[PDB]
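J.: This is the structure I have questions about; it appears just below.
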Amino acid sequence: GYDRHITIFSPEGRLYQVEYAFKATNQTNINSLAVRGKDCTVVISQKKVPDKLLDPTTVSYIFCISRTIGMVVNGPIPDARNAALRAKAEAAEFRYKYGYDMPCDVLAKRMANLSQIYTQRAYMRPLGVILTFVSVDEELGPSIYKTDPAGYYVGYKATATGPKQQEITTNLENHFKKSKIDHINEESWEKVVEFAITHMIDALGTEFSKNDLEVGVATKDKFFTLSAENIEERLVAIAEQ
Amino acid sequence: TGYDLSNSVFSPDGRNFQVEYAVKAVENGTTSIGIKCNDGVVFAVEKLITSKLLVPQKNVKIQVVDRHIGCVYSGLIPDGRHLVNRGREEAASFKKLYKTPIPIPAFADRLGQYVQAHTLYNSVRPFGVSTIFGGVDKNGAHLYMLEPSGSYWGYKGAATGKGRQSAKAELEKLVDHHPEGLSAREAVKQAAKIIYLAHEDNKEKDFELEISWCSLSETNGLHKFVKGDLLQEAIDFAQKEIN
Amino acid sequence: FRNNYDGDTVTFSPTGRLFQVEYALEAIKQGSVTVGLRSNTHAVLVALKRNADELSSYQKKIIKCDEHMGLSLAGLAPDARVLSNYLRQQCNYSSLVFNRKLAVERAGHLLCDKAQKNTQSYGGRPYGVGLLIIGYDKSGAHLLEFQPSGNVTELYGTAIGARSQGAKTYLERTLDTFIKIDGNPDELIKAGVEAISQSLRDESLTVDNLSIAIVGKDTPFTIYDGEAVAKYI
Amino acid sequence: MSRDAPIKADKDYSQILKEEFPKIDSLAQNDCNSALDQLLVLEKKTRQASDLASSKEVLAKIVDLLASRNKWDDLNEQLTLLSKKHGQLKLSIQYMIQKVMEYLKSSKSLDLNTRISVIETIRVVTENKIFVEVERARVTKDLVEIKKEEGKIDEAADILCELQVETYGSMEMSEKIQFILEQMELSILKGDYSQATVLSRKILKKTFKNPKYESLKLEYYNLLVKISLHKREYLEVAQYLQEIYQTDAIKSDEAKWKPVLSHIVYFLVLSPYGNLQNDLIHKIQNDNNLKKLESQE
Amino acid sequence: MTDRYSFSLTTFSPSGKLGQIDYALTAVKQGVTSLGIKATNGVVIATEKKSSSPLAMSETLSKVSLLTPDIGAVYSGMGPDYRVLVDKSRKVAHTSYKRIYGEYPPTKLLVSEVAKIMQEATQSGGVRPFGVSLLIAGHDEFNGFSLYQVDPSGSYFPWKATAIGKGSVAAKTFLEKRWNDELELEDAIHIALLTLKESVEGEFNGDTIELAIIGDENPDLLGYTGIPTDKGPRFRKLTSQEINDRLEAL
Amino acid sequence: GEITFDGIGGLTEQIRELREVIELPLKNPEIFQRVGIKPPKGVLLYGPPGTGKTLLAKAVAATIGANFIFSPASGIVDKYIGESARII
Ligand SMILES: Nc1ncnc2c1ncn2[C@@H]1O[C@H](COP(=O)(O)OP(=O)(O)O)[C@@H](O)[C@H]1O
Ligand SMILES: [Mg+2]
């Protein structure tokens with residue numbers, strides 16, 4: 001239908017185009033996880049291990065946008081890259097404009113506004129990726145802001161994304177009620193990573209190797225990716241179950 | 001569907017129908033391979049000789065870029081040649097400004113954004129070539145391949161065109177024999193055999209083998225076509241074992 | 001497949017072959033026949049000068065582009081024009097700025113590109129005209145074919161337009177003879193006449209219709225007619 | 001969990017240290033902790049099914065533990081931790097677990113000991129639903145006998161009934177029947193007859209007629225008599241008992257039919273007179289066996 | 001489905017009523033029930049918020065954004081159109097009245113400038129109407145408390161009472177029965193809660209309910225005390241706890 | 001003969017889920033009546049053809065020993081009533 005194609009309001013008044021973007025962002029099947037520790041923000045994504053024709057390490061879904069701010073991407077790769085530019089770019093420009101490091105909350109707001117402009121542009125087809133910013137924010141400390149392809153955005157205590165998102169959510173919900181707070185337990189940055197690794201394994205039911213994950217960790221003034229072998233230190237106690 | 005009659009509409013597929021078609025065209029191009037070695041890269045390509053009226057090694061498919069980036073491409077010849085030419089212009093700006101040769105992943109990114117825009121818009125027809133590129137920059141040797149999708153990744157082997165199937169199988173030996181990659185001189189010989197067995201799938205026309213390399217130990221990390229005696233020798237190795 | 005997909009340059013068939021491209025080729029088949037060939041030292045184009053009627057003058061289809069350059073058309077007349085003036089422009093820029101005559105090969109890469117821009121674009125015309133370009137640079141004599149696709153190919157000898165069958169066969173046979181022949185303008189020019197007779201249904205052999213051009217390491221680009229082509233006819 | 005070399009090393013290893021098993025058995029005497037530790041590491045290798053090879057060394061260990069009045073206390077503790085971790089292939093370990101259970105019955109190492117250990121086991125092994133689940137039922141039947149003596153019979157009955165409503169095809173047909181029937185007897189003692197009646201309904205009556213269930217057939221119908229008779233339902237009593245006589249062993253033998261058929265006469269008359277009564281009583285009339293008794297006749 | 005004339009916004013519709021504009025209203029309806037009640041001595045605006053995901057934070061979803069410290073807005077509809085429209089409202093107002101007349105707009109003038117933006121996303125072809133219809137409730141000195149609706153068409157109207165969203169029917173009638181302008185503000189807040197309480201009864205907790213007043217100045221929230229003449233903020237947003245107090249007064 | 005419940009694979013889970021639905025109200029409508037609910041009749045199965053929805057229907061029927069009538073209606077399909085009227 002022509003009704004499917006028009007960028008301008010659909011007869012329903014809720015776009016077909018928007019529902020479509022939502023389809024897209026589950027083609028790759030990346031289950032990702034982001035939680036807020038006490039003073040640490042853990043992001044984990046499946047690192048696929050393809051054939052030898054590609055290097056496995058190089059393949060990634062976790063990207064360092066700026067200092068403190070990391071981004072996990074869910075949905076197709078070429079569109080991921082397109083989006084990525086604009087966010088890296090603005091963090092720099094804000095620092096020039098305003099002479100201080102950009103806060104997390106403000107970067108997400110900018111990108112919702114760009115998303116909406118896309119459906120007002122006739123030529124342009126709306127980007128069909130999930131941008132979830134994680135950081136140790138300047139004021140607010142651990143912060144999670146998940147951004148939708150449509151352009152809806154909302155903050156999170158914890159979240160997962162994927163087609164199998166549903167299973168992970170339940171564990172995280174019940175956990176937080178027993179713990180009676182919103183932060184994953186232990187001040188220590190190291191053991192919170194391990195509580196995240198473990199909870200990913202449970203929900204999905206599949207044990208993942210160091211090969212099958214990538215672990216990005218937020219501290220004060222850096223976002224950085226751990227070594228392959230760091231992951232293993234956690235994994236080993238857990239792996240016998 | 002009407003998504004094939006209006007570019008850059010979000011399909012319920014999640015990828016516009018036209019862009020998909022564009023990929024298919026890569027296959028109609030020639031077996032082109034690339035081999036990542038231990039201190040460089042090799043590019044190798046099957047160039048079908050159309051007729052006796054065609055002129056040896058004068059419309060060579062291998063094209064030089066920068067002074068350290070070796071480039072070859074498969075699919076629409078016109079589309080790719082413009083793309084390679086676009087690529088130099090970008091590299092040019094990079095050199096003036098930052099006074100330094102382009103890193104190979106920098107080069108991939110820049111090209112990546114260019115493709116992306118030209119598919120996100122109705123106005124500009126999607127690109128329909130896959131490009132094998134790389135060489136020896138500052139961070140040493142890399143082999144990357146750029147999908148017309150606009151994905152790119154690092155690789156240790158690349159193969160594309162029709163006869164990629166033959167090619168991938170022969171590339172698996174390389175990795176097992178050496179995680180390093182084979183020695184750059186010895187890999188010239190392996191590369192010829194790969195193109196030649198994959199010309200048993202593209203035998204219907206005659207072909208000429210064209211190899212190039214950018215290797216730190218045998219090229220001083222500048223780009224060069226392998227010609228003359230190394231090239232004629234390479235053909236023999238291949239001919240001898242497929243007998 | 002009129003309209004729908006493949007009806008505009010942007011829209012792909014599922015396979016991804018533009019039907020329009022083949023039509024642009026058809027324009028060349030409808031076009032005036034021309035046979036081009038070379039030797040290392042000379043490049044010789046022979047073209048039949050089409051005419052409407054007796055009183056209409058036999059019209060040149062070989063166009064001198066530059067002193068050391070020229071082209072011939074087969075296909076759509078408006079397109080050839082926009083392209084030809086561009087050929088001239090580029091050659092002038094290099095001579096002025098960078099000293100050098102524009103090399104024949106390197107001019108072709110640009111020409112390719114220009115054709116592809118109209119294929120990227122919404123609207124515009126992919127050039128629907130094929131051009132045999134001959135030239136004398138510091139690499140000596142060359143002969144290119146420019147396709148409506150864009151592709152430029154260095155060929156010993158080729159022919160485009162109407163009934164190409166007879167002259168192509170003829171060239172394959174005499175391939176070895178005209179490539180060894182160098183240092184002989186007059187003999188290359190003979191080979192080329194003999195070639196165009198095969199293609200034609202003997203429409204004319206008149207001096208009045210055949211126009212022969214030659215550029216090489218010896219002769220500059222000179223257009224030969226009447227008496228000068230009566231030597232070899 | 002990637003890597004294939006761990007598979008091979010781990011099996012060979014088990015063999016080496018299973019020849020070395022006497023040193024481990026003997027070490028336990030000096031200290032039970034030194035002996036456990038050697039084996040726990042073997043079974044803690046990253047790949048899964050690393051428990052299966054290694055578990056051969058454990059089969060000989062779980063006997064040593066069972067076989068001293070002190071040592072079975074250490075036994076209860078371990079098996080718990082292994083279960084919590086993953087289960088590590090539900091087959092693998094669980095063959096060992098089941099055998100722990102199998103063992104308590106045969107130990108004869110005092111009523112006290114037996115009671116403690118079962119309460120610990122049954123609770124953990126609730127998770128499983130395969131082979132271990134059959135063996136759970138069987139080992140809970142021990143607590144049920146102990147408690148049957150007591151007034152703690154009411155609590156016991158619930159655990160047993162809760163187990164068998166859950167459908168099993170792991171069990172053979174003869175076995176699933178035996179456990180349900182026992183329940184029905186506990187529910188007689190408890191005073192809940194409608195509970196015994198609900199159970200009865202799921203016990204297919206077709207199955208009993210097959211000849212390997214000839215023994216069960218008698219038992220089930222005897223139990224049914226009990227449910228009706230307290231509640232003065234004389235009509236049902238008659239039917240049951242009639243089906244006892246149609247049991248083929250009973251039918252053949254003079255002695256075995258005699259009290260069965262006498263009991264039917266009493267319950268027919270005891271039912272209020274009317275129409276059911278007529279059609280039933282005249283079946284007996286058809287039948288020369290009641291006429292071979294005379295007081296009855 | 002509809003005509004190619006009515007999808008176009010450069011083309012007079014047969015009816016003359018665009019299909020487009022009608023789509024914008026279908027979407028308004030689909031959203032939250034938001035209302036406004038005008039009082040002698042205040043305006044109260046109140047709405048329910050989307051429950052969203054369980055672990056999505058509710059606080060960050062804000063359906064009342066202050067345009068200036070003395071004038072707030074409330075909408076029914078989509079988040080994206082809301083935020084973009086909102087940056088445009090403030091920005092155009094600064095240029096045309098905070099530098100020219102070096103002061104905050106009258107409520108009427110601000111409402112006028114918001115309609116114009118709206119109007120342009122309906123005039124220009126290929127740019128859909130704002131997906132949102134507003135209430136702009138506010139206070140200025142000249143014309144006292146004021147209450148408005150601004151339509152995505154770019155027509156605006158003052159009201160005594162209006163409500164929008166699914167529960168618009170219900171709410172409007174309730175306000176009529178129980179209240180008139182001449183009644184005080186304090187009564188209206190209790191009333192508004194009850195009205196919104198018809199809408200949903202599963203949760204009415206002050207977490208999921210955003211309630212604000214534009215009323216009297218707060219010279220505390222002026223924030224540069226020691227100068228009294230400058231008006232404090234007219235708007236004061238009432239916290240969840242404050243809502244709960246107002247629930248036991250109902 | 002019962003289609004072997006072992007040789008149903010990857011839908012092991014389906015068999016067990018099913019008897020809740022089917023076995024309890026089929027053998028005794030009594031339990032659901034006392035419980036207080038209208039007894040359930042009408043069950044709709046659905047899966048991409050060749051996952052053995054039919055095969056699963058059979059699997060359950062043998063266990064209970066309940067009588068089994070498999071009627072394909074695609075073998076008797078017609079427009080107006082004819083042969084269908086007789087069969088049903
Ligand atoms: N669960 C399964 N176990 C074994 N084979 C299977 C299974 N599911 C499908 N099949 C095979 O496919 C055949 C055809 O499917 P069929 O029973 O006609 O199912 P449906 O009604 O879903 O079309 C089955 O008879 C069986 O041979
Ligand atoms: Mg069927």
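Every chain in the structure tokens takes a letter, A first, then B, and so on in the order presented; its residues are numbered from 1, and the ligands are numbered from 1 following the presented order.
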Neighbours of ligand 2 at 8 Å or closer, counting only C-alpha atoms and all ligand atoms: which residues, as number ranges by chain?

T.: F: 49, 52-55, 72

J.: Selected residues, C-alpha atoms, written as a JSON list (two decimals), in the first residue's frame, please.

T.:
```json
[["chain", "number", "residue", "atom", "x", "y", "z"],
["F", 49, "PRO", "CA", 2.22, -28.01, 8.86],
["F", 52, "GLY", "CA", 2.62, -33.09, 14.03],
["F", 53, "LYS", "CA", -0.41, -31.55, 15.53],
["F", 54, "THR", "CA", -2.36, -34.56, 14.30],
["F", 55, "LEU", "CA", 0.46, -36.80, 15.55],
["F", 72, "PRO", "CA", -9.78, -35.07, 7.29]]
```

J.: Which residues sit within 12 Å of ligand 1, counting only C-alpha atoms and all ligand atoms, listed as a ChimeraX atom specification?

T.: /F:3-15,45-59,70-72

J.: Please produce a file of those selected residues containing N, CA, C and O atoms, as a CSV table (one decimal), in the first residue's frame.

T.:
```csv
chain,number,residue,atom,x,y,z
F,3,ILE,N,1.3,-43.7,18.9
F,3,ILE,CA,2.6,-43.3,18.3
F,3,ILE,C,3.6,-43.1,19.4
F,3,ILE,O,3.7,-42.0,20.1
F,4,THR,N,4.6,-44.0,19.6
F,4,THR,CA,5.7,-43.8,20.6
F,4,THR,C,6.2,-42.4,21.0
F,4,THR,O,6.5,-41.6,20.2
F,5,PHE,N,6.0,-42.1,22.3
F,5,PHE,CA,6.0,-40.8,22.9
F,5,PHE,C,7.5,-40.4,23.1
F,5,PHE,O,7.8,-39.3,23.4
F,6,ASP,N,8.3,-41.4,23.0
F,6,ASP,CA,9.8,-41.2,22.8
F,6,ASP,C,10.1,-40.7,21.4
F,6,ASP,O,11.0,-39.8,21.3
F,7,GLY,N,9.4,-41.2,20.4
F,7,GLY,CA,9.7,-40.8,19.0
F,7,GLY,C,9.1,-39.5,18.6
F,7,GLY,O,9.5,-39.0,17.6
F,8,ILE,N,8.3,-38.9,19.5
F,8,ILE,CA,8.0,-37.5,19.5
F,8,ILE,C,9.1,-36.8,20.2
F,8,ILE,O,9.3,-37.1,21.4
F,9,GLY,N,9.8,-35.9,19.4
F,9,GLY,CA,11.0,-35.2,19.8
F,9,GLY,C,10.9,-33.7,19.4
F,9,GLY,O,10.5,-33.3,18.4
F,10,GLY,N,11.4,-33.0,20.4
F,10,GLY,CA,11.5,-31.6,20.4
F,10,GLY,C,10.2,-31.0,20.8
F,10,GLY,O,10.0,-29.8,21.0
F,11,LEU,N,9.2,-31.8,21.0
F,11,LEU,CA,7.8,-31.4,21.5
F,11,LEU,C,7.4,-32.3,22.5
F,11,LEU,O,6.2,-32.6,22.7
F,12,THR,N,8.4,-32.7,23.3
F,12,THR,CA,8.2,-33.6,24.5
F,12,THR,C,7.2,-33.0,25.5
F,12,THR,O,6.4,-33.8,26.0
F,13,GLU,N,7.7,-31.8,26.1
F,13,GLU,CA,6.9,-30.6,26.6
F,13,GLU,C,5.5,-30.5,26.1
F,13,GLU,O,4.7,-30.2,26.9
F,14,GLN,N,5.2,-30.7,24.8
F,14,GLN,CA,3.8,-30.5,24.4
F,14,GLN,C,2.9,-31.6,24.9
F,14,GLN,O,1.8,-31.3,25.3
F,15,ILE,N,3.4,-32.8,25.0
F,15,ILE,CA,2.5,-34.0,25.4
F,15,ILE,C,2.1,-33.8,26.8
F,15,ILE,O,0.9,-33.9,27.0
F,45,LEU,N,-5.6,-26.1,17.9
F,45,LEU,CA,-4.3,-26.5,17.7
F,45,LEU,C,-3.9,-25.8,16.4
F,45,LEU,O,-4.7,-25.4,15.6
F,46,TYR,N,-2.6,-25.6,16.2
F,46,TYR,CA,-2.0,-24.6,15.3
F,46,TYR,C,-0.5,-24.7,15.4
F,46,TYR,O,0.1,-24.7,16.5
F,47,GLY,N,0.2,-24.8,14.3
F,47,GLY,CA,1.6,-24.9,14.2
F,47,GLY,C,1.8,-25.0,12.7
F,47,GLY,O,0.8,-25.3,12.0
F,48,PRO,N,2.9,-24.6,12.2
F,48,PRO,CA,3.2,-24.7,10.7
F,48,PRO,C,3.1,-26.2,10.3
F,48,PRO,O,3.7,-27.0,11.0
F,49,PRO,N,2.4,-26.6,9.2
F,49,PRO,CA,2.2,-28.0,8.9
F,49,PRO,C,3.5,-28.8,8.8
F,49,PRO,O,4.3,-28.5,8.0
F,50,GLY,N,3.5,-29.9,9.6
F,50,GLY,CA,4.5,-30.8,9.6
F,50,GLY,C,5.3,-30.8,10.9
F,50,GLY,O,6.3,-31.4,11.0
F,51,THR,N,4.6,-30.2,12.0
F,51,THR,CA,5.1,-30.3,13.3
F,51,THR,C,4.3,-31.3,14.1
F,51,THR,O,4.8,-31.7,15.2
F,52,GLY,N,3.2,-31.9,13.6
F,52,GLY,CA,2.6,-33.1,14.0
F,52,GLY,C,1.6,-32.8,15.1
F,52,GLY,O,1.7,-33.3,16.2
F,53,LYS,N,0.7,-31.9,14.6
F,53,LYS,CA,-0.4,-31.5,15.5
F,53,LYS,C,-1.3,-32.7,15.6
F,53,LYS,O,-1.7,-33.0,16.8
F,54,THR,N,-1.6,-33.4,14.5
F,54,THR,CA,-2.4,-34.6,14.3
F,54,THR,C,-1.7,-35.7,15.1
F,54,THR,O,-2.4,-36.6,15.7
F,55,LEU,N,-0.3,-35.7,15.1
F,55,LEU,CA,0.5,-36.8,15.6
F,55,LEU,C,0.3,-36.8,17.1
F,55,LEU,O,0.1,-37.8,17.7
F,56,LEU,N,0.3,-35.5,17.7
F,56,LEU,CA,0.2,-35.2,19.1
F,56,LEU,C,-1.3,-35.6,19.6
F,56,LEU,O,-1.4,-36.2,20.6
F,57,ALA,N,-2.3,-35.3,18.8
F,57,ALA,CA,-3.7,-35.7,19.1
F,57,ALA,C,-3.8,-37.2,19.3
F,57,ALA,O,-4.5,-37.6,20.2
F,58,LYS,N,-3.1,-38.0,18.5
F,58,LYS,CA,-3.1,-39.4,18.5
F,58,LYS,C,-2.4,-40.0,19.7
F,58,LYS,O,-2.8,-40.9,20.4
F,59,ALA,N,-1.2,-39.3,20.0
F,59,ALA,CA,-0.3,-39.7,21.2
F,59,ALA,C,-1.1,-39.7,22.5
F,59,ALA,O,-1.1,-40.8,23.2
F,70,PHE,N,-10.4,-39.8,13.4
F,70,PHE,CA,-9.6,-38.8,12.6
F,70,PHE,C,-10.3,-38.6,11.4
F,70,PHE,O,-10.3,-39.4,10.6
F,71,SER,N,-10.9,-37.3,11.2
F,71,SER,CA,-11.5,-37.0,10.0
F,71,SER,C,-10.9,-35.9,9.3
F,71,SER,O,-11.1,-34.7,9.8
F,72,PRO,N,-10.1,-36.1,8.2
F,72,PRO,CA,-9.8,-35.1,7.3
F,72,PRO,C,-11.0,-34.6,6.6
F,72,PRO,O,-11.7,-35.5,6.2
```

J.: Which residues are near residue 31 in chain B? Cut-off 12 Å, only C-alpha atoms, ignore same chain within fewer than 4 positions. Put them as a VMD selection string.

T.: chain B and resid 26 to 27 43 to 48 61 72 to 75 130 132 158 to 168 191 to 192 194 to 203 207 209 to 210

J.: Please identify the helix (DSSP H, G or I) residues within range 5-224 of chain A (assignment by DSSP from backbone atoms) and present them as a PyMOL selection string.

T.: chain A and resi 5+16-24+77-98+104-120+165-179+189-204+210-212

J.: Skip residue 292 in chain D itself and residues of its chain fewer than 2 positions away, then list as a list in words all residues within 12 Å of it, counting only C-alpha atoms.

T.: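 The contact residues come out as residues 254, 255, 257, 258, 261, 262, 284, 285, 287, 288, 289, 290, 294, 295, 296 and 297 of chain D.
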
J.: Please list as a ChimeraX atom specification every residue within 6 Å of residue 122 in chain B, counting only C-alpha atoms and excluding residues in the same chain fewer than 2 positions away.

T.: /A:123 /B:7-8,124

J.: Set the distance at 12 Å and use only C-alpha atoms: which residues neighbour residue 82 in chain C once local chain neighbours fewer than 4 positions away are removed? I'd like the list as a PyMOL selection string.

T.: chain C and resi 76-78+86-89+111+114-115+125-129

J.: Those residues you just picked out, can you put them in a file as a tab-separated table (two decimals), in the first residue's frame with C-alpha atoms?

T.:
```
chain	number	residue	atom	x	y	z
C	76	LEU	CA	22.08	9.60	-30.04
C	77	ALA	CA	23.12	12.88	-31.43
C	78	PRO	CA	22.32	15.31	-28.48
C	86	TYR	CA	33.79	18.20	-22.21
C	87	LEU	CA	36.55	16.23	-23.84
C	88	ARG	CA	37.86	19.37	-25.20
C	89	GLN	CA	37.74	21.20	-21.86
C	111	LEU	CA	34.51	10.07	-18.92
C	114	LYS	CA	30.58	11.28	-15.75
C	115	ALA	CA	28.30	8.53	-17.13
C	125	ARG	CA	20.44	11.12	-18.81
C	126	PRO	CA	22.93	8.26	-18.72
C	127	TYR	CA	24.73	9.01	-21.98
C	128	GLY	CA	23.19	6.90	-24.66
C	129	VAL	CA	26.01	7.17	-27.19
```
